[PDB]
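Listing of target13.cif, mmCIF, C-alpha atoms and all ligand atoms
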```
data_run
loop_
_atom_site.label_atom_id
_atom_site.label_comp_id
_atom_site.auth_asym_id
_atom_site.auth_seq_id
_atom_site.Cartn_x
_atom_site.Cartn_y
_atom_site.Cartn_z
CA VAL A 3 147.89 145.81 154.25
CA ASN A 4 150.89 143.75 155.61
CA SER A 5 154.05 144.63 157.69
CA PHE A 6 156.75 144.79 154.91
CA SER A 7 158.39 148.28 154.73
CA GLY A 8 160.62 150.08 152.16
CA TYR A 9 160.09 147.67 149.25
CA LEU A 10 160.11 148.88 145.65
CA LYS A 11 157.08 147.53 143.75
CA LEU A 12 158.16 145.75 140.49
CA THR A 13 154.79 144.25 139.42
CA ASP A 14 151.27 143.67 140.70
CA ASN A 15 152.63 140.98 143.10
CA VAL A 16 156.49 141.26 143.28
CA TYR A 17 158.33 143.66 145.61
CA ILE A 18 162.12 144.06 146.15
CA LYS A 19 164.43 145.57 148.78
CA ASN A 20 168.15 145.65 149.32
CA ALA A 21 168.14 143.82 152.66
CA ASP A 22 169.51 140.80 154.52
CA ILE A 23 166.68 138.14 154.52
CA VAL A 24 167.84 137.14 158.12
CA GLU A 25 167.33 140.78 159.66
CA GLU A 26 164.12 141.22 157.65
CA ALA A 27 162.64 137.99 159.04
CA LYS A 28 163.64 138.94 162.63
CA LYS A 29 161.91 142.39 162.28
CA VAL A 30 158.75 141.32 160.29
CA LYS A 31 158.19 137.72 161.57
CA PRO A 32 156.37 136.90 158.31
CA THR A 33 153.98 133.93 157.89
CA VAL A 34 156.49 132.33 155.41
CA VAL A 35 160.22 132.86 154.98
CA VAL A 36 161.78 130.99 152.00
CA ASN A 37 165.11 129.21 152.52
CA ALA A 38 167.48 128.63 149.62
CA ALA A 39 167.80 124.95 150.48
CA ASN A 40 169.64 121.99 149.00
CA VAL A 41 168.05 118.53 148.65
CA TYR A 42 169.75 117.33 151.89
CA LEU A 43 168.59 120.39 153.92
CA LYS A 44 172.25 120.87 154.89
CA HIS A 45 172.21 124.55 155.85
CA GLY A 46 175.93 125.38 155.75
CA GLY A 47 176.25 128.69 153.99
CA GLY A 48 174.44 131.48 152.24
CA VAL A 49 170.74 132.03 153.06
CA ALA A 50 170.47 128.53 154.67
CA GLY A 51 173.51 128.86 156.94
CA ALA A 52 172.59 132.44 157.92
CA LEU A 53 168.93 131.50 158.53
CA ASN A 54 170.08 128.38 160.36
CA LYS A 55 172.64 130.34 162.44
CA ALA A 56 169.89 132.82 163.43
CA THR A 57 167.83 129.82 164.77
CA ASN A 58 170.80 128.67 166.93
CA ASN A 59 170.93 125.48 164.74
CA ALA A 60 167.31 124.51 165.59
CA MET A 61 166.51 124.66 161.82
CA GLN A 62 169.26 122.08 161.14
CA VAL A 63 168.06 119.79 164.00
CA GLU A 64 164.49 119.83 162.62
CA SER A 65 165.77 119.37 159.06
CA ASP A 66 167.88 116.31 159.94
CA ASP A 67 164.80 114.65 161.51
CA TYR A 68 162.81 115.52 158.29
CA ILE A 69 165.45 113.94 156.03
CA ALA A 70 165.84 110.84 158.26
CA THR A 71 162.05 110.26 157.87
CA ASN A 72 161.42 111.39 154.23
CA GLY A 73 164.71 111.28 152.34
CA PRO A 74 166.01 114.12 150.23
CA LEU A 75 163.95 116.72 148.38
CA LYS A 76 163.93 116.97 144.57
CA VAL A 77 165.74 119.80 142.78
CA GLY A 78 162.80 122.15 142.05
CA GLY A 79 160.93 120.86 145.11
CA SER A 80 160.16 122.13 148.59
CA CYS A 81 158.93 121.29 152.05
CA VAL A 82 157.30 123.34 154.78
CA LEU A 83 158.95 123.24 158.22
CA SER A 84 158.96 125.49 161.26
CA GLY A 85 160.04 129.13 160.95
CA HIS A 86 161.52 128.96 164.49
CA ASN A 87 162.24 132.50 165.80
CA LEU A 88 162.19 134.01 162.26
CA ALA A 89 158.70 133.29 160.83
CA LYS A 90 155.64 131.09 161.37
CA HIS A 91 156.84 128.68 158.65
CA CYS A 92 159.98 128.15 156.56
CA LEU A 93 159.42 127.04 152.99
CA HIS A 94 162.66 125.21 152.05
CA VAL A 95 162.90 125.52 148.25
CA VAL A 96 165.59 123.81 146.14
CA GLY A 97 166.62 125.85 143.15
CA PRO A 98 169.11 124.30 140.73
CA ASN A 99 172.77 124.77 141.72
CA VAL A 100 174.66 125.74 138.49
CA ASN A 101 177.99 125.07 140.37
CA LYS A 102 176.77 121.35 140.52
CA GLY A 103 175.53 121.01 136.84
CA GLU A 104 171.73 121.17 137.59
CA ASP A 105 169.24 122.11 134.81
CA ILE A 106 168.46 125.88 135.01
CA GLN A 107 164.98 125.01 133.50
CA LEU A 108 164.23 123.66 137.04
CA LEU A 109 164.29 127.26 138.35
CA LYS A 110 160.68 127.79 137.11
CA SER A 111 159.57 124.60 138.95
CA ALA A 112 161.31 125.86 142.09
CA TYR A 113 159.44 129.22 141.98
CA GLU A 114 156.09 127.41 141.40
CA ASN A 115 156.30 126.27 145.07
CA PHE A 116 155.76 129.91 146.10
CA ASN A 117 152.24 129.86 144.57
CA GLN A 118 151.05 127.60 147.44
CA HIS A 119 151.49 130.57 149.87
CA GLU A 120 149.58 133.90 149.75
CA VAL A 121 152.54 136.02 150.98
CA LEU A 122 156.27 135.19 151.31
CA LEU A 123 159.57 136.78 152.27
CA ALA A 124 162.16 135.19 149.88
CA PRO A 125 165.62 135.41 148.34
CA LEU A 126 166.23 135.13 144.61
CA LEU A 127 166.37 131.39 143.96
CA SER A 128 169.65 130.10 142.46
CA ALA A 129 171.30 133.55 142.94
CA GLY A 130 174.41 134.16 145.11
CA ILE A 131 176.46 130.99 145.76
CA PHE A 132 173.95 128.88 143.64
CA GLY A 133 175.79 130.20 140.51
CA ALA A 134 172.83 131.30 138.34
CA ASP A 135 172.39 134.83 136.90
CA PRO A 136 170.31 136.83 139.41
CA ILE A 137 168.77 138.96 136.60
CA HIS A 138 167.43 135.71 135.10
CA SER A 139 166.19 134.54 138.52
CA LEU A 140 164.21 137.78 138.98
CA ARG A 141 162.67 137.42 135.48
CA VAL A 142 161.59 133.79 136.22
CA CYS A 143 160.20 134.93 139.60
CA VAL A 144 158.08 137.70 138.00
CA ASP A 145 156.89 135.37 135.22
CA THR A 146 156.07 132.40 137.55
CA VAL A 147 154.98 133.58 141.01
CA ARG A 148 151.37 134.87 141.20
CA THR A 149 151.21 135.27 145.03
CA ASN A 150 152.72 138.24 146.85
CA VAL A 151 156.49 137.92 147.14
CA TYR A 152 158.82 140.27 149.04
CA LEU A 153 162.37 139.70 147.70
CA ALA A 154 165.34 140.53 149.97
CA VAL A 155 168.43 141.15 147.81
CA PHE A 156 171.56 141.00 150.09
CA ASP A 157 174.14 142.46 147.66
CA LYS A 158 173.70 146.28 147.49
CA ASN A 159 175.39 146.51 144.18
CA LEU A 160 173.26 143.62 142.82
CA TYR A 161 170.05 145.24 144.09
CA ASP A 162 170.85 148.45 142.14
CA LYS A 163 171.61 146.42 139.04
CA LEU A 164 168.38 144.32 139.34
CA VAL A 165 166.21 147.48 139.70
CA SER A 166 168.00 149.48 136.97
CA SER A 167 167.83 146.56 134.42
CA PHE A 168 164.24 145.39 135.28
CA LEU A 169 161.91 145.23 132.25
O1 LIG A 201 170.62 138.59 147.21
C1 LIG A 201 171.77 138.28 146.94
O2 LIG A 201 172.71 139.03 147.05
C2 LIG A 201 172.14 136.94 146.32
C3 LIG A 201 171.35 135.82 146.90
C4 LIG A 201 171.59 135.88 148.42
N1 LIG A 201 172.60 135.32 149.02
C5 LIG A 201 172.61 135.45 150.31
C6 LIG A 201 173.59 135.04 151.12
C7 LIG A 201 173.43 135.32 152.48
CL1 LIG A 201 174.59 134.76 153.69
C8 LIG A 201 172.40 136.03 152.97
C9 LIG A 201 171.44 136.49 152.15
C10 LIG A 201 171.56 136.20 150.83
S1 LIG A 201 170.51 136.66 149.55
#
```
Can you turn what I pasted into structure tokens?
Amino acid sequence: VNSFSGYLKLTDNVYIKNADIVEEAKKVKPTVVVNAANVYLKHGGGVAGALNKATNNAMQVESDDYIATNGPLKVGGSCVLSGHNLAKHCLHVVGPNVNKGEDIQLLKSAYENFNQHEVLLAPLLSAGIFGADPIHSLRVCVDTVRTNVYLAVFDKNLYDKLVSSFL
């Protein structure tokens, strides 16, 4: 038994809720929150800017030190950093950005990072401003992630469509 509330169960291991990932992290304080990162860990907008804003920019300060030491992530890759005031840990995961020409086949690689963590609060990778089809992203999530994932879908209307079209 964990602390996630009001999620609809899609599979043995995948749960979904129409909710803002920021407000959910603040309430639950999960072990792992997933950020929809880019390879530079430049958290300007979407999940990354909203998560970063909620940390008062401490996520961006930590991230800049990480990049100065290690260089950029790979598309499909990840790193574990602090969760600040939102979670124990933040798993920064880089899904492909369709609005930049990145290979959508890298979405499966991106979701494989989640398998290193027993439980996660996450957004749909490559959905929203990343320009990929969220229905596809949910299918890849269900078919790739084997650990327990709690998906926070921000768009109400999208949430209803994801549930109603789920196979
Ligand atoms: O779930 C969706 O509706 C699409 C992917 C998401 N995009 C964002 C953007 C922000 Cl600022 C906050 C949470 C989310 S989750």
Quiz item: Please, what distance in Å, to one decimal, runs between CA of residue 19 (chain A) and CA of residue 84 (chain A)?
Solution: 24.3 Å
Using all atoms listed in the file, what does the table of chain A residues within 8 Å of ligand LIG 201 (chain A) look like, with each row giving the shortest atom pair and its distance in Å to one decimal, sorted by chain and ascending number, as a Markdown table?
```
| residue | atom | partner | partner_atom | distance |
| --- | --- | --- | --- | --- |
| A:20 | CA | A:LIG201 | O1 | 7.8 |
| A:21 | CA | A:LIG201 | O1 | 8.0 |
| A:22 | CA | A:LIG201 | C9 | 5.3 |
| A:23 | CA | A:LIG201 | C9 | 5.6 |
| A:24 | CA | A:LIG201 | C8 | 7.0 |
| A:47 | CA | A:LIG201 | CL1 | 6.3 |
| A:48 | CA | A:LIG201 | CL1 | 3.6 |
| A:49 | CA | A:LIG201 | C7 | 4.3 |
| A:50 | CA | A:LIG201 | CL1 | 7.5 |
| A:51 | CA | A:LIG201 | CL1 | 6.8 |
| A:52 | CA | A:LIG201 | CL1 | 5.2 |
| A:53 | CA | A:LIG201 | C8 | 8.0 |
| A:125 | CA | A:LIG201 | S1 | 5.2 |
| A:126 | CA | A:LIG201 | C3 | 5.7 |
| A:127 | CA | A:LIG201 | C3 | 7.3 |
| A:128 | CA | A:LIG201 | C3 | 7.4 |
| A:129 | CA | A:LIG201 | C3 | 4.6 |
| A:130 | CA | A:LIG201 | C2 | 3.8 |
| A:131 | CA | A:LIG201 | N1 | 6.7 |
| A:136 | CA | A:LIG201 | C2 | 7.1 |
| A:154 | CA | A:LIG201 | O1 | 6.3 |
| A:155 | CA | A:LIG201 | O1 | 3.4 |
| A:156 | CA | A:LIG201 | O2 | 3.8 |
| A:157 | CA | A:LIG201 | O2 | 3.8 |
| A:158 | CA | A:LIG201 | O2 | 7.3 |
| A:160 | CA | A:LIG201 | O2 | 6.3 |
| A:161 | CA | A:LIG201 | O1 | 7.4 |
```
Quiz prompt | Given all atoms listed in the file as the counted atoms, nearest of A:93, A:142, A:137, A:124 to residue 111 (chain A) | solution = A:142
Quiz item: How many Å lie between CA of residue 106 (chain A) and CA of residue 147 (chain A), rounded to one decimal?
Solution: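 Distance reported for this atom pair: 16.6 Å.
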Practice problem: Find the spatial neighbours of residue 101 (chain A), counting only C-alpha atoms, within a cut-off of 9 Å - ignore same-chain residues fewer than 5 positions away - and output them as a list in words. | Solution: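 The residues that qualify are residues 131, 132, 133 and 134 of chain A.
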Quiz item: Leaving out region 28-39 of chain A and any residue of its chain fewer than 3 positions from it, which residues lie within 6 Å of it when counting all atoms listed in the file, given as a list in words?
Solution: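 Returned residues: residues 25, 43, 49, 50, 88, 89, 90, 91, 92, 93, 94, 95, 96, 122, 123 and 124 of chain A.
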Quiz item: Between A:100, A:109, A:12, A:69, which has the minimum distance to residue 165 (chain A) (counting only C-alpha atoms)?
Solution: A:12
Practice problem: Would you please work out which residue, of A:60, A:16, A:153, A:112, is nearest to residue 77 (chain A) when using all atoms listed in the file? | Solution: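 Of the candidates, the smallest distance to residue 77 (chain A) is held by A:112.
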Self-check item: Two-atom distance - CA of residue 76 (chain A), CA of residue 41 (chain A) (Å)
Solution: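 Computing the Euclidean distance for CA of residue 76 (chain A) and CA of residue 41 (chain A) yields 6.0 Å.
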Exercise. Can you work out which one of A:57, A:42, A:103, A:148 has the shortest atom-to-atom distance to residue 73 (chain A), counting all atoms listed in the file?
Key: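 For residue 73 (chain A), the nearest of the candidates is A:42.
Among the candidate residues A:45, A:104, A:55, A:152, the one lying nearest to residue 7 (chain A) is A:152, with distances computed using all atoms listed in the file.
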Once N, CA, C and O atoms are restored for region 22-34 of chain A, what would the output be as a PDB file, in the coordinates of the input?
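The resulting file, out00.pdb, is shown below:
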```
ATOM      1  N   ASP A  22     169.152 142.169 154.073  1.00  0.00           N
ATOM      2  CA  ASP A  22     169.510 140.800 154.520  1.00  0.00           C
ATOM      3  C   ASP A  22     168.222 140.078 154.917  1.00  0.00           C
ATOM      4  O   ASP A  22     167.613 140.438 155.908  1.00  0.00           O
ATOM      5  N   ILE A  23     167.892 138.979 154.232  1.00  0.00           N
ATOM      6  CA  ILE A  23     166.680 138.140 154.520  1.00  0.00           C
ATOM      7  C   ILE A  23     166.637 137.747 156.014  1.00  0.00           C
ATOM      8  O   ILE A  23     165.564 137.641 156.532  1.00  0.00           O
ATOM      9  N   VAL A  24     167.775 137.441 156.650  1.00  0.00           N
ATOM     10  CA  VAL A  24     167.840 137.140 158.120  1.00  0.00           C
ATOM     11  C   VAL A  24     167.237 138.296 158.988  1.00  0.00           C
ATOM     12  O   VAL A  24     166.361 137.979 159.748  1.00  0.00           O
ATOM     13  N   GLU A  25     167.721 139.564 158.903  1.00  0.00           N
ATOM     14  CA  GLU A  25     167.330 140.780 159.660  1.00  0.00           C
ATOM     15  C   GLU A  25     165.886 141.132 159.306  1.00  0.00           C
ATOM     16  O   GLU A  25     165.120 141.479 160.207  1.00  0.00           O
ATOM     17  N   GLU A  26     165.507 140.968 158.054  1.00  0.00           N
ATOM     18  CA  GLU A  26     164.120 141.220 157.650  1.00  0.00           C
ATOM     19  C   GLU A  26     163.153 140.259 158.329  1.00  0.00           C
ATOM     20  O   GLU A  26     162.069 140.654 158.826  1.00  0.00           O
ATOM     21  N   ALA A  27     163.518 138.979 158.393  1.00  0.00           N
ATOM     22  CA  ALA A  27     162.640 137.990 159.040  1.00  0.00           C
ATOM     23  C   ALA A  27     162.523 138.310 160.544  1.00  0.00           C
ATOM     24  O   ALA A  27     161.408 138.326 161.078  1.00  0.00           O
ATOM     25  N   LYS A  28     163.644 138.626 161.175  1.00  0.00           N
ATOM     26  CA  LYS A  28     163.640 138.940 162.630  1.00  0.00           C
ATOM     27  C   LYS A  28     162.744 140.134 162.942  1.00  0.00           C
ATOM     28  O   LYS A  28     162.119 140.085 163.980  1.00  0.00           O
ATOM     29  N   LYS A  29     162.679 141.132 162.063  1.00  0.00           N
ATOM     30  CA  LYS A  29     161.910 142.390 162.280  1.00  0.00           C
ATOM     31  C   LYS A  29     160.437 142.103 161.979  1.00  0.00           C
ATOM     32  O   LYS A  29     159.592 142.408 162.845  1.00  0.00           O
ATOM     33  N   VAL A  30     160.127 141.513 160.817  1.00  0.00           N
ATOM     34  CA  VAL A  30     158.750 141.320 160.290  1.00  0.00           C
ATOM     35  C   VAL A  30     158.050 140.104 160.903  1.00  0.00           C
ATOM     36  O   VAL A  30     156.832 140.121 161.069  1.00  0.00           O
ATOM     37  N   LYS A  31     158.774 138.999 161.113  1.00  0.00           N
ATOM     38  CA  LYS A  31     158.190 137.720 161.570  1.00  0.00           C
ATOM     39  C   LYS A  31     157.073 137.357 160.606  1.00  0.00           C
ATOM     40  O   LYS A  31     155.915 137.136 160.980  1.00  0.00           O
ATOM     41  N   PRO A  32     157.382 137.204 159.302  1.00  0.00           N
ATOM     42  CA  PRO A  32     156.370 136.900 158.310  1.00  0.00           C
ATOM     43  C   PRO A  32     155.762 135.510 158.523  1.00  0.00           C
ATOM     44  O   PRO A  32     156.348 134.647 159.193  1.00  0.00           O
ATOM     45  N   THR A  33     154.611 135.268 157.929  1.00  0.00           N
ATOM     46  CA  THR A  33     153.980 133.930 157.890  1.00  0.00           C
ATOM     47  C   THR A  33     154.956 132.913 157.280  1.00  0.00           C
ATOM     48  O   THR A  33     155.063 131.799 157.831  1.00  0.00           O
ATOM     49  N   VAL A  34     155.578 133.245 156.149  1.00  0.00           N
ATOM     50  CA  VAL A  34     156.490 132.330 155.410  1.00  0.00           C
ATOM     51  C   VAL A  34     157.785 133.059 155.079  1.00  0.00           C
ATOM     52  O   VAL A  34     157.737 134.080 154.372  1.00  0.00           O
TER      53      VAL A  34
END
```
